[PDB]
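Chains as they are written, first to last, in the deposited numbering: chain O, 103 to 153; chain D, 90 to 115, 122 to 432; chain C, 36 to 167.
All C-beta atoms in this analysis are idealised placements derived from N, C-alpha and C, irrespective of residue type, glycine included.
Here is the structure we will look at.
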Amino acid sequence: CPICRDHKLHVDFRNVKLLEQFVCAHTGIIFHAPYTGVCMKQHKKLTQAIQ
Amino acid sequence: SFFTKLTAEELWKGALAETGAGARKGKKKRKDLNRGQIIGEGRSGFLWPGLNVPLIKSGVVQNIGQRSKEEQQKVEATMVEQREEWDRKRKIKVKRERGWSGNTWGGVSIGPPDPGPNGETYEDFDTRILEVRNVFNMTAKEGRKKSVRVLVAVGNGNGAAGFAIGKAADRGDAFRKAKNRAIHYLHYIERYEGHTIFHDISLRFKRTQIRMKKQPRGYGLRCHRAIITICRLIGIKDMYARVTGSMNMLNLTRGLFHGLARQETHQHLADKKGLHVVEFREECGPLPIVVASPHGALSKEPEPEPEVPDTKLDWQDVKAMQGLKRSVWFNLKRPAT
Amino acid sequence: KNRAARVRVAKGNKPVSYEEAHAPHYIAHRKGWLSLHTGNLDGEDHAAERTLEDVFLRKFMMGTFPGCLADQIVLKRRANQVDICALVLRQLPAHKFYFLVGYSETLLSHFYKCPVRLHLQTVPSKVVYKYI
RNA sequence: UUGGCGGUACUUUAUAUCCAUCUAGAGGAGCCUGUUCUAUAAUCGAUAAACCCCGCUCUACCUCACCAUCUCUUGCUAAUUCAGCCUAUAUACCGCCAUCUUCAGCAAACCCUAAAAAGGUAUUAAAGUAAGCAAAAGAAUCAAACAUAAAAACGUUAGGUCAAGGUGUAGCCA
Ligand SMILES: [K+]
Ligand SMILES: [Mg+2]
Ligand SMILES: [Mg+2]
Ligand SMILES: [Mg+2]
Ligand SMILES: [Mg+2]
Ligand SMILES: [Mg+2]
Ligand SMILES: [Mg+2]
Ligand SMILES: [Mg+2]
Numbered sequence: 103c104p105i106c107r108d109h110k111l112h113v114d115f116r117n118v119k120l121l122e123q124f125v126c127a128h129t130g131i132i133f134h135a136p137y138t139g140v141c142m143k144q145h146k147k148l149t150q151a152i153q
Numbered sequence: 090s091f092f093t094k095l096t097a098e099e100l101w102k103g104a105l106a107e108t109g110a111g112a113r114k115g122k123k124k125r126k127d128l129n130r131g132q133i134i135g136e137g138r139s140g141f142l143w144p145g146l147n148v149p150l151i152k153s154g155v156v157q158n159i160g161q162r163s164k165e166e167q168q169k170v171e172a173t174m175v176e177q178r179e180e181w182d183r184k185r186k187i188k189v190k191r192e193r194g195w196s197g198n199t200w201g202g203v204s205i206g207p208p209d210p211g212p213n214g215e216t217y218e219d220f221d222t223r224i225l226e227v228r229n230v231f232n233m234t235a236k237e238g239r240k241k242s243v244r245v246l247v248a249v250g251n252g253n254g255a256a257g258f259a260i261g262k263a264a265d266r267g268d269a270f271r272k273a274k275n276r277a278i279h280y281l282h283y284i285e286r287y288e289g290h291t292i293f294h295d296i297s298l299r300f301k302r303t304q305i306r307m308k309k310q311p312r313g314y315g316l317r318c319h320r321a322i323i324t325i326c327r328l329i330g331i332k333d334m335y336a337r338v339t340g341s342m343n344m345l346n347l348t349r350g351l352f353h354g355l356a357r358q359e360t361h362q363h364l365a366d367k368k369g370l371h372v373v374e375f376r377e378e379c380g381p382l383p384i385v386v387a388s389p390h391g392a393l394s395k396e397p398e399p400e401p402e403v404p405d406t407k408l409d410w411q412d413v414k415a416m417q418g419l420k421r422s423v424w425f426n427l428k429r430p431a432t
Numbered sequence: 036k037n038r039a040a041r042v043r044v045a046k047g048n049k050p051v052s053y054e055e056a057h058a059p060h061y062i063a064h065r066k067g068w069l070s071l072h073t074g075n076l077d078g079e080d081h082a083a084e085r086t087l088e089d090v091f092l093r094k095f096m097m098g099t100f101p102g103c104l105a106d107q108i109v110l111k112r113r114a115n116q117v118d119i120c121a122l123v124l125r126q127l128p129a130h131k132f133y134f135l136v137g138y139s140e141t142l143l144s145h146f147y148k149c150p151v152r153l154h155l156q157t158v159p160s161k162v163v164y165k166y167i
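Following this line, the structure appears as structure tokens:
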């Protein structure tokens, strides 16, 4: 998936620029995993970092 | 005998057996054996000054020589490696993207159209395939002749798009004919704020019904796979569409461009009626937003507002708002379009 | 149908040279002879020997200049002298041609016991008479 | 919407041709020669038109590829666990051809169509266009013509030829 294929990409709450890519700019809703194609493990990890 | 030896072209011509009675009316692969051969190099390993080795080395005029058995075996093995590597190179290829499926041509980019008569490059345009038919007719050439009909669409993603059909006996030719024909039939599609249509569009082209809806930002393209391809070429980012009746690809392409190119912009509506066009977004509250004002004289007669409109409503649109359960297939989670 | 020495029609994408385009019945009408000796004139001898020497000289030049020959070679015999005139592509470096000329001349003079000279005209690429 | 063949037997058409007209033949006898058959220990291929004085502008030996019998085993070459192989498949092919045939078609690239499965002509002209291949022209038969030669694309017959030669695949190496 997009996160796993690139090891240097890190899902951390401080890495806001990465987290913003997974949030809708217009509605501010976090995209569901099928939308971006991330695996469920990383999607759950991303949701926690965004929150 | 040395006099019964033939050239490579005639040896491969016979072995391949491409021209033959079986081939035409119903696998061997050609190879080039002079690819890696360097003029002046033989099995014996002789070194020929001026042919396969430097004529002068460190200021010394070289003389004939021969490589040792160990040195020659290395050179033979090295060439064997290079030949094996070349075979690997032939197997390797750069994967291009599939379309709506893995074995289908629909949705596959084939690049920009060819340059024009006076060096008019079209690098900003992208071409997409929509249908590829392999149809056979009955002509004396093969008894049953072969034909390839290709429907393509082109667009710059900035409002200009067009479609054309190209027919030929070879698929590659049908691509060129369609691709360069479509650049001569560019519609311009009006986009509201550059991301969606100006208003709902409902139309019937022959037996194919299309029903498009204007949507807010972030909605994405929730449309027939062929409409998503065209919408990306046009530049529409957020829209909903439903297609019913016949799924003919040509009627859908003709019907889509017919409806998208006949829509009324807000600036046009203000001029036709003479009134201001105001916008009310729920995320901006009651704030009235003026999006278009009449170019000439603003009228003072309010537009008649009927108590009960006589609009013709679609049961499909209304059914949802009436509380009727939708299908299991509606509004499923899908990848970003 | 006659299949002899005819480069058959393709679909307009095959580049044939002037020599290749013309069928045998145009010999002595539109295109000349690649070899010129006196052995086929009336009351002359050694036709068999001149014809065999030509066959070899054509196979030798192909192998000695592999992939560097733009067209068939032209053989000219005057007295005991043999002259080989070949159009050669500019693929190889210049000095390599000087080696192959010195080698092929010396080798063919000691094989047929006649003075042999090589005349090479270099072309940028094969000349196309027509696309057939 | 096309393609086909059906009984296209209908109207014009062939031009040494379908019948008619004309001349000399074949069909009978004797031989010469090819083929089939019979047959031999004893080639092969061609074998309706488009095989049958055919590959052969050529078999007493040689030629020879066949049969019987005896003999050789690194056995043409600079080298090679290699040389050699007329061993099977022309239904894997190259090559060179027969055939319709001196038949007239084969037509790439563009352009147009209220969509095109296709079509694209009107001359007092209405969407077709500008280039090739064949034909024509040109050249040959030593003035000129005519005639004769040569030329004749794409397909048709998996037509003929692995035995002109080369070659794919499989088979034989005391
Ligand atoms: K053949
Ligand atoms: Mg697949
Ligand atoms: Mg046979
Ligand atoms: Mg004999
Ligand atoms: Mg004998
Ligand atoms: Mg034998
Ligand atoms: Mg004349
Ligand atoms: Mg002519």
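query	result
8 Å Cβ cut-off: residues of chain D touching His134/O	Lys428
Contact the segment 356-367 of chain D vs the segment 230-249 of chain D: 3+ CB pairs below 8 Å	no
Bridge partner(s) assigned by DSSP for residue 54/D	This structure gives no information on residue 54/D, because the portion of chain D shown stretches from 90 to 432.
Chain-ordered residues of the segment 84-99 of chain C with a beta carbon less than 7 Å from chain D	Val90
Per-residue contacts from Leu150/D into chain C (C-beta, under 7 Å)	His130
Where the alpha helix (DSSP H) through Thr324/D begins and ends	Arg320 to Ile329
Residues of its chain near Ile131/O, where Cβ-Cβ distance is below 8 Å and the 5 sequence neighbours each way are ignored	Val125
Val151/C beta carbon less than 8 Å from that of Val117/C	yes
Three CB pairs or more closer than 8 Å across the segment 306-318 of chain D and the segment 268-282 of chain D	no
Identity of the residues DSSP links to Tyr283/D by a beta bridge	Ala255/D
CB of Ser52/C within 8 Å of CB of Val158/C, strictly	no
Contact list for the segment 125-143 of chain D against chain C, Cβ threshold 9 Å	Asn129, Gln132, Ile134, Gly135 and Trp143
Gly197/D Cβ short of 7 Å to ligand 2 heavy atom set	yes
Short-range partners of chain O found in the segment 301-318 of chain D, where Cβ spacing is below 7 Å	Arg312 and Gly313
Rounded C-alpha distance that separates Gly289/D from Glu218/D	21 Å
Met334/D - partner residues in DSSP beta bridges	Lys309/D and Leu316/D
For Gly261/D, the three-state DSSP class (helix, strand or coil)	strand
Minimum Cβ-Cβ distance from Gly252/D to chain C less than 8 Å	no
Own chain partners of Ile133/D with C-beta closer than 8 Å, once the 5 adjacent residues on each side are dropped	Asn147
Status (buried if at least 16 other CB within 10 Å, exposed otherwise) for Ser139/C	buried
Per-residue DSSP class, three states only, for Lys368/D	helix
Contact set between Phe92/D and chain C, taken where Cβ atoms lie within less than 9 Å	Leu87, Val90, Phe91 and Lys94
Range of the contiguous beta strand (DSSP E) that encloses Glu226/D	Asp221 to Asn232
For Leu111/O and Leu120/O, believed in contact at Cβ under 8 Å, the rounded distance	6 Å
Simplified DSSP state of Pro128/C, which is helix, strand or coil	coil
Buried versus exposed call for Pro208/D [16 or more other C-beta atoms within 10 Å across all chains shown]	buried
Within chain D, partners of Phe134/C - CB distance below 9 Å	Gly135, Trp143, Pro144, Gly145, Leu146 and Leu150
Identified DSSP bridge partners for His154/C	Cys120/C
Beta-carbon proximity check, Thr348/D vs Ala263/D, cutoff 8 Å	no
Continuous beta strand (DSSP E) stretch holding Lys240/D: start and end	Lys240 to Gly250
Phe300/D in three-state terms, based on DSSP	strand
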